[PDB]
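Take a look at the letters that make up each chain.
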2 protein chains.
Amino acid sequence: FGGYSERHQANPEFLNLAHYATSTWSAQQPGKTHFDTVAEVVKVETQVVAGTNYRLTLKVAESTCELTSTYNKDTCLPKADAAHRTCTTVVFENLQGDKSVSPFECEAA
Amino acid sequence: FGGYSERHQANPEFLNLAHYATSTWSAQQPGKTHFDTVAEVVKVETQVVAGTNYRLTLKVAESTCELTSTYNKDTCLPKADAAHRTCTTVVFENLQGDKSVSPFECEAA
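Described below are features of the structure shown in this document. Throughout, a per-chain count from 1 in the order the sequence is written supplies the residue numbers; the entry may number residues differently, and those without coordinates are omitted. Throughout, the order in which chains and ligands are written sets their labels, letters from A for the former and numbers from 1 for the latter. Excluded from the side-chain calculations are hydrogens and water; all other atoms, namely the structure's heavy atoms, are used. Residues with missing side-chain atoms are left out of burial classes, side-chain pairs and their counts.

Another aspect to go through is the overall build of chain A. For helices the rule is a DSSP run of H or I covering at least 4 residues; for strands it is a run of E covering at least 2, with both sets numbered from the N terminus onward. A tally of helices and strands in chain A yields one helix and five strands. In chain A, the succession of α and β elements from N to C terminus is β-α-β-β-β-β. As a reference, a globule follows 2.2 Å times the number of residues to the power 0.38, and the radius of gyration itself is taken over C-alpha atoms. The C-alpha atoms of chain A give 23 Å as radius of gyration, which overshoots the globular expectation for 109 residues (13 Å, by more than 25%). Taken over the C-alpha atoms alone, chain A extends approximately 65 × 40 × 25 Å along its principal axes.

This paragraph deals with the state of the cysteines. Disulfide: a pair of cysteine sulfur atoms within 2.5 Å of each other. Taken as a whole and judged by the stated rule, the model has four disulfides over all chains. Between the sulfur of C65(A) and that of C76(A) lies a disulfide, 2.1 Å long from S to S. Given an S-S torsion of about -85°, the disulfide between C65(A) and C76(A) has left-handed geometry. With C65(A) in strand β2 (residues 34-66) and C76(A) in the loop between β2 and β3 (85-94), this residue pair connects regions lying 11 residues apart in the sequence. Think of it in three bands: residues with accessible area under 20% of the maximum for their type are buried, residues over 50% are exposed, and the middle band is partly exposed, with areas taken using a 1.4 Å probe on protein chains only. Looking at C76(A), the relative accessible area reads 0%, which means it is buried. Covalent S-S linkage joins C87(B) and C106(B), the inter-sulfur distance amounting to 2.0 Å. Where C87(B) bonds to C106(B) through sulfur, the torsion about that S-S bond is close to 80°, and the disulfide is right-handed. With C87(B) in strand β3 (residues 85-94) and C106(B) in the segment after β4 (99-101), the pair connects residues that are 19 residues apart, well separated along the chain. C106(B) gets classed as partly exposed once you look at its relative accessible area, which sits at 33%. Going through chain A in sequence order and numbering each bonded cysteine, the pairs you get are 1-2, 3-4.

In this analysis, strands are considered paired if DSSP registers two or more bridges between them. Two elements, strand β1 (residues 5-6) of chain A and β2(A), share two bridges in a ladder whose sense is antiparallel. Looking across to β2(A), one finds that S5(A) is bridged to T46(A). As judged from the 27 bridges shared by β2(A) and strand β2 (residues 34-66) of chain B, these two strands associate in the antiparallel manner. The partner of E66(A) across the bridge, within β2(B), is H34(B). Bridging between β2(A) and β3(A) involves 10 bridges; their strand directions are antiparallel. Bridge assignment links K59(A) to a residue of β3(A), and that residue is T86(A).

For salt bridges, the criterion is a side-chain nitrogen of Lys or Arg within 4 Å of an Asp or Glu carboxyl oxygen. Evaluated as defined, the whole model comprises eight salt bridges over all chains. A salt bridge links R85(A) to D36(B), with the shortest nitrogen-to-oxygen separation between them at 2.4 Å. Taken as a pair, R85(A) in strand β3 and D36(B) in strand β2 lie in two separate chains rather than in one. Since its relative accessible area comes to 0%, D36(B) is described here as buried. Each of the salt bridges in this network shares a partner with another, and the network as a whole consists of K32(A), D36(A) and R85(B).

Encoded structure:
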């Protein structure tokens, strides 16, 4: 139940949302003189998105482990030589436990 | 309230998320031969995500209304001779009512 579920016609919620989307989108394209509108709602699917976003500011450094090996935090320790970099990421974690890791942004200094 | 609430080093779960994020991200990085790891969890901000994703399949048509004007589902009807296109889009809506629209992926046909 983490994916979409088909529906729909017997509710204006979906229609009024199709209109929103279509005027919103088409009022930004090039070559456009008119709003686009809805000729027909063909299919509707809903999917609940619930979880929590983890914005992590981190000191990051080259570890002792090679990419060829399986990463373990207890033994892939930070190299005493390595430069520390201040980095930011967001990790999203829905109820299922599935995580996605936004691309690290790091201060260049 | 609808944004990042701060928290953080004492907490194992945040530490585990920081290792997951770091190991995962740096693996996919080019040039890199070793894993990056966590020297330090500096800051942790969380953020509850609640909403519904609406995937829409639509028939779209040029409307009677100019872009220089206020769209109205009841006034901006589809032009009688306008070609219809089958378009897909997702519309997220948070618990507040604030909506986002993915770019309409139309159909080449």
